[PDB]
Amino acid sequence: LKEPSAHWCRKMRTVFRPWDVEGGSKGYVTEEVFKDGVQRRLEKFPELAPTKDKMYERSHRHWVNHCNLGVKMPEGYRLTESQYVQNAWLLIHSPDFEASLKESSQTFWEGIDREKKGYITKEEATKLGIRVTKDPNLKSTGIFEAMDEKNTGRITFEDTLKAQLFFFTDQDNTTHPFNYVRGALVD
Ligand SMILES: C=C1[C@@H](O)[C@@H]2O[C@]3(CC[C@H](/C=C/[C@@H](C)[C@@H]4CC(C)=C[C@@]5(O[C@H](C[C@@](C)(O)C(=O)O)CC[C@H]5O)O4)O3)CC[C@H]2O[C@@H]1[C@@H](O)C[C@H](C)[C@H]1O[C@@]2(CCCCO2)CC[C@H]1C
């Protein structure tokens, strides 16, 4: 492979940071951080409660498949921030990466869209996005305008997938609002 841009690495540090914080701000995360994070997620997103019995598997698959490239790592393995960034670099080159993001996103979307409409209102999306990202200033990023480019007042599942795929893969566009799909960037 080539090398990721500095901007893309910053985006990946932005993915990793909340997990690092969950694990005690040690600079690394473990399988246990994600297992413990199940309860935290059920409290923050009670929309996930109807599928709470699937959460431990989701955490474990996240550790093995997303964080560690499908490899079973030793008990106690400590994945560092910089390592996650390089593992994510390999991951986004996988032929099935886009599908993996969509499948994961479907698990969240089905909790917030119980009637299976395929969309939510822009105001609902704004409140939910603030909850997801913990960025109280998410609206000012422009992301809701950039997703709803025709001003329908709706945000579709596909809108959010498009923003997220840009975030996980784009190298050089540093100003587009889709940069902020996970909230304000860390250093
Ligand atoms: C939430 C998320 C992202 O974080 C999540 O990121 C991914 C990348 C890494 C992350 C994995 C996290 C694991 C550790 C956890 C562990 C457990 C047990 C469950 C699970 O839980 C995740 C949600 C949550 C809360 O628990 C979290 O940890 O993230 C979803 C996948 C599940 O397997 O994975 O999964 C891909 C799927 C994606 O799915 C949604 C994403 O589609 C949300 C979407 C982008 C949002 O768009 C909007 C508009 C744009 C601005 C932002 O707001 C409105 C609201 C919402 C639709």
# chains A, B, ... in the order shown; residues from 1 in each chain; ligands from 1
$ closest_atom_pairs --of "chain A" --to "ligand 1" --cutoff "7 Å" --atoms "only C-alpha atoms and all ligand atoms" --output "Markdown table"
| residue | atom | partner | partner_atom_place_in_ligand_line | distance |
| --- | --- | --- | --- | --- |
| A:34 | CA | ligand 1 | 14 (C) | 6.0 |
| A:37 | CA | ligand 1 | 18 (C) | 6.9 |
| A:38 | CA | ligand 1 | 18 (C) | 4.9 |
| A:41 | CA | ligand 1 | 26 (O) | 5.1 |
| A:45 | CA | ligand 1 | 25 (C) | 6.7 |
| A:55 | CA | ligand 1 | 18 (C) | 4.3 |
| A:56 | CA | ligand 1 | 18 (C) | 5.9 |
| A:58 | CA | ligand 1 | 33 (O) | 4.5 |
| A:59 | CA | ligand 1 | 18 (C) | 4.2 |
| A:62 | CA | ligand 1 | 13 (C) | 5.6 |
| A:101 | CA | ligand 1 | 36 (C) | 4.8 |
| A:102 | CA | ligand 1 | 37 (C) | 6.8 |
| A:104 | CA | ligand 1 | 37 (C) | 4.3 |
| A:105 | CA | ligand 1 | 39 (O) | 3.6 |
| A:107 | CA | ligand 1 | 31 (C) | 5.9 |
| A:108 | CA | ligand 1 | 30 (C) | 5.1 |
| A:109 | CA | ligand 1 | 57 (C) | 6.0 |
| A:125 | CA | ligand 1 | 54 (C) | 4.4 |
| A:126 | CA | ligand 1 | 54 (C) | 6.2 |
| A:128 | CA | ligand 1 | 55 (C) | 4.8 |
| A:129 | CA | ligand 1 | 53 (O) | 3.2 |
| A:130 | CA | ligand 1 | 53 (O) | 6.8 |
| A:132 | CA | ligand 1 | 1 (C) | 5.5 |
| A:133 | CA | ligand 1 | 52 (C) | 6.5 |
| A:143 | CA | ligand 1 | 50 (C) | 6.5 |
| A:144 | CA | ligand 1 | 50 (C) | 6.8 |
| A:157 | CA | ligand 1 | 57 (C) | 6.9 |
| A:160 | CA | ligand 1 | 47 (O) | 5.1 |
| A:161 | CA | ligand 1 | 42 (O) | 6.6 |
| A:163 | CA | ligand 1 | 50 (C) | 6.9 |
| A:164 | CA | ligand 1 | 45 (C) | 5.8 |
| A:181 | CA | ligand 1 | 51 (C) | 4.3 |
| A:182 | CA | ligand 1 | 52 (C) | 5.9 |
$ write_last_selection --atoms "N, CA and C atoms" --output "compact mmCIF listing (two decimals), in the first residue's frame"
# COMPACT_ATOMS: atom_id res chain seq x y z
N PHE A 34 -14.17 -2.99 25.09
CA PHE A 34 -15.37 -3.06 24.27
C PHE A 34 -16.48 -3.88 24.91
N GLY A 37 -18.01 -1.82 27.33
CA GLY A 37 -18.69 -0.71 26.67
C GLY A 37 -20.11 -1.03 26.25
N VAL A 38 -20.50 -2.30 26.34
CA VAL A 38 -21.85 -2.70 25.97
C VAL A 38 -22.87 -2.06 26.88
N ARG A 41 -23.22 1.68 26.23
CA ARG A 41 -23.99 1.93 25.02
C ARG A 41 -25.49 1.73 25.23
N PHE A 45 -27.87 4.74 24.55
CA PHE A 45 -28.74 4.50 23.42
C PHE A 45 -29.72 3.40 23.75
N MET A 55 -25.46 -7.62 21.53
CA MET A 55 -24.40 -6.62 21.74
C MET A 55 -23.05 -7.22 22.08
N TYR A 56 -23.01 -8.27 22.89
CA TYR A 56 -21.70 -8.83 23.21
C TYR A 56 -21.02 -9.37 21.97
N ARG A 58 -21.50 -8.20 18.95
CA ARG A 58 -21.09 -7.01 18.21
C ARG A 58 -19.79 -6.45 18.76
N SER A 59 -19.63 -6.41 20.08
CA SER A 59 -18.40 -5.90 20.66
C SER A 59 -17.23 -6.82 20.30
N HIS A 62 -16.33 -6.50 16.70
CA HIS A 62 -15.65 -5.22 16.49
C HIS A 62 -14.17 -5.36 16.84
N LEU A 101 -19.17 -1.52 6.93
CA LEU A 101 -19.68 -0.28 7.52
C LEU A 101 -21.20 -0.27 7.41
N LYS A 102 -21.74 -0.70 6.27
CA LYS A 102 -23.19 -0.68 6.08
C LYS A 102 -23.91 -1.63 7.03
N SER A 104 -22.83 -2.74 9.98
CA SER A 104 -22.77 -2.17 11.32
C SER A 104 -23.77 -1.03 11.47
N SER A 105 -23.82 -0.16 10.46
CA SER A 105 -24.71 1.00 10.54
C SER A 105 -26.17 0.56 10.60
N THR A 107 -27.36 -1.96 12.15
CA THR A 107 -27.72 -2.29 13.53
C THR A 107 -28.16 -1.07 14.33
N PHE A 108 -27.54 0.08 14.08
CA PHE A 108 -27.93 1.29 14.77
C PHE A 108 -29.23 1.83 14.19
N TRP A 109 -29.30 1.85 12.86
CA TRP A 109 -30.42 2.45 12.15
C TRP A 109 -31.73 1.74 12.49
N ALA A 125 -32.37 13.77 13.30
CA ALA A 125 -30.98 13.43 12.94
C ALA A 125 -29.98 14.30 13.68
N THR A 126 -30.32 15.57 13.86
CA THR A 126 -29.45 16.50 14.56
C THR A 126 -29.33 16.13 16.03
N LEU A 128 -29.98 13.16 17.38
CA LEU A 128 -29.32 11.86 17.47
C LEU A 128 -27.83 11.97 17.19
N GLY A 129 -27.46 12.79 16.20
CA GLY A 129 -26.05 13.00 15.89
C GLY A 129 -25.28 13.60 17.04
N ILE A 130 -25.89 14.53 17.76
CA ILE A 130 -25.25 15.11 18.92
C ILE A 130 -25.02 14.04 19.98
N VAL A 132 -24.73 10.73 19.38
CA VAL A 132 -23.74 9.78 18.85
C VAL A 132 -22.31 10.30 18.99
N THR A 133 -22.13 11.57 18.64
CA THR A 133 -20.80 12.16 18.53
C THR A 133 -20.33 12.82 19.81
N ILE A 143 -23.01 19.53 8.40
CA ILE A 143 -23.21 18.17 7.89
C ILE A 143 -24.68 17.87 7.51
N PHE A 144 -25.64 18.47 8.20
CA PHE A 144 -27.03 18.20 7.88
C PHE A 144 -27.47 18.85 6.58
N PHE A 157 -31.03 6.81 5.50
CA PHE A 157 -29.97 5.89 5.87
C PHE A 157 -28.81 6.03 4.90
N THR A 160 -26.50 9.01 5.46
CA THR A 160 -25.54 8.83 6.55
C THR A 160 -24.43 7.87 6.14
N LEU A 161 -24.74 6.86 5.34
CA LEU A 161 -23.71 5.97 4.81
C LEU A 161 -22.72 6.70 3.93
N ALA A 163 -21.90 9.90 4.01
CA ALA A 163 -21.07 10.77 4.82
C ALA A 163 -20.01 9.95 5.54
N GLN A 164 -20.42 8.81 6.07
CA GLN A 164 -19.52 7.95 6.82
C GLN A 164 -18.44 7.31 5.93
N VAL A 181 -18.62 13.69 10.54
CA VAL A 181 -19.67 12.70 10.80
C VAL A 181 -19.50 12.06 12.18
N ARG A 182 -18.29 12.08 12.74
CA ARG A 182 -18.06 11.59 14.10
C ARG A 182 -17.81 12.73 15.08
$ residues_around --residues "residue 28 (chain A)" --least-positions-apart "2" --cutoff "7 Å" --atoms "only C-alpha atoms" --output "PyMOL selection string"
chain A and resi 20+26+30+78-81
$ write_last_selection --atoms "N, CA and C atoms" --output "compact mmCIF listing (two decimals), in the first residue's frame"
# COMPACT_ATOMS: atom_id res chain seq x y z
N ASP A 20 -10.35 5.01 23.62
CA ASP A 20 -9.24 5.21 24.55
C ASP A 20 -9.80 5.79 25.86
N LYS A 26 -5.51 5.24 28.56
CA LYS A 26 -4.21 4.61 28.70
C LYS A 26 -3.37 4.65 27.43
N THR A 30 -8.42 -2.71 24.79
CA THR A 30 -8.40 -4.17 24.84
C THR A 30 -9.79 -4.68 24.53
N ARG A 78 -3.04 -5.48 23.86
CA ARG A 78 -3.28 -4.05 23.99
C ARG A 78 -3.08 -3.32 22.68
N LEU A 79 -4.16 -2.88 22.05
CA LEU A 79 -4.07 -2.22 20.75
C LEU A 79 -3.87 -0.72 20.96
N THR A 80 -2.75 -0.20 20.47
CA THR A 80 -2.45 1.22 20.67
C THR A 80 -3.12 2.11 19.64
N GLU A 81 -3.18 3.41 19.94
CA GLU A 81 -3.77 4.36 19.00
C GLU A 81 -3.10 4.32 17.62
$ residues_around --residues "residue 152 (chain A)" --least-positions-apart "5" --cutoff "12 Å" --atoms "only C-alpha atoms" --output "list in words"
residues 119, 120, 121, 122, 123, 144, 145, 146 and 147 of chain A
$ write_last_selection --atoms "N, CA and C atoms" --output "CSV table (one decimal), in the first residue's frame"
chain,number,residue,atom,x,y,z
A,119,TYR,N,-35.7,6.6,6.7
A,119,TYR,CA,-35.3,8.0,6.9
A,119,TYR,C,-35.7,8.4,8.3
A,120,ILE,N,-35.2,9.6,8.7
A,120,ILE,CA,-35.7,10.3,9.9
A,120,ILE,C,-35.7,11.7,9.6
A,121,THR,N,-36.3,12.6,10.4
A,121,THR,CA,-36.4,14.0,10.1
A,121,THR,C,-35.0,14.6,10.4
A,122,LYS,N,-34.7,15.7,9.7
A,122,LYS,CA,-33.4,16.4,9.9
A,122,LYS,C,-33.3,16.9,11.4
A,123,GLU,N,-34.3,17.3,12.0
A,123,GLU,CA,-34.2,17.7,13.4
A,123,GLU,C,-33.9,16.5,14.3
A,144,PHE,N,-25.6,18.5,8.2
A,144,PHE,CA,-27.0,18.2,7.9
A,144,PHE,C,-27.5,18.8,6.6
A,145,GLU,N,-26.9,20.0,6.3
A,145,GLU,CA,-27.1,20.6,5.0
A,145,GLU,C,-26.5,19.9,3.9
A,146,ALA,N,-25.3,19.3,4.1
A,146,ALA,CA,-24.5,18.6,3.1
A,146,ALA,C,-25.2,17.3,2.8
A,147,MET,N,-25.8,16.7,3.8
A,147,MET,CA,-26.5,15.4,3.5
A,147,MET,C,-27.8,15.6,2.8
$ select_by_dssp --residues "region 28-101 of chain A" --states "strand (DSSP E)" --output "number ranges by chain"
A: 28-29, 79-80
$ write_last_selection --atoms "C-alpha atoms" --output "compact mmCIF listing (two decimals), in the first residue's frame"
# COMPACT_ATOMS: atom_id res chain seq x y z
CA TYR A 28 -4.47 1.57 24.20
CA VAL A 29 -7.67 -0.48 24.22
CA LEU A 79 -4.07 -2.22 20.75
CA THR A 80 -2.45 1.22 20.67
$ select_by_dssp --residues "chain A" --states "helix (DSSP H, G or I)" --output "PyMOL selection string"
chain A and resi 6-22+31-44+46-67+81-91+97-112+122-133+138-141+143-147+157-169+177-180
$ closest_residue --among "A:180, A:77, A:168, A:19" --to "residue 135 (chain A)" --atoms "only C-alpha atoms"
A:180
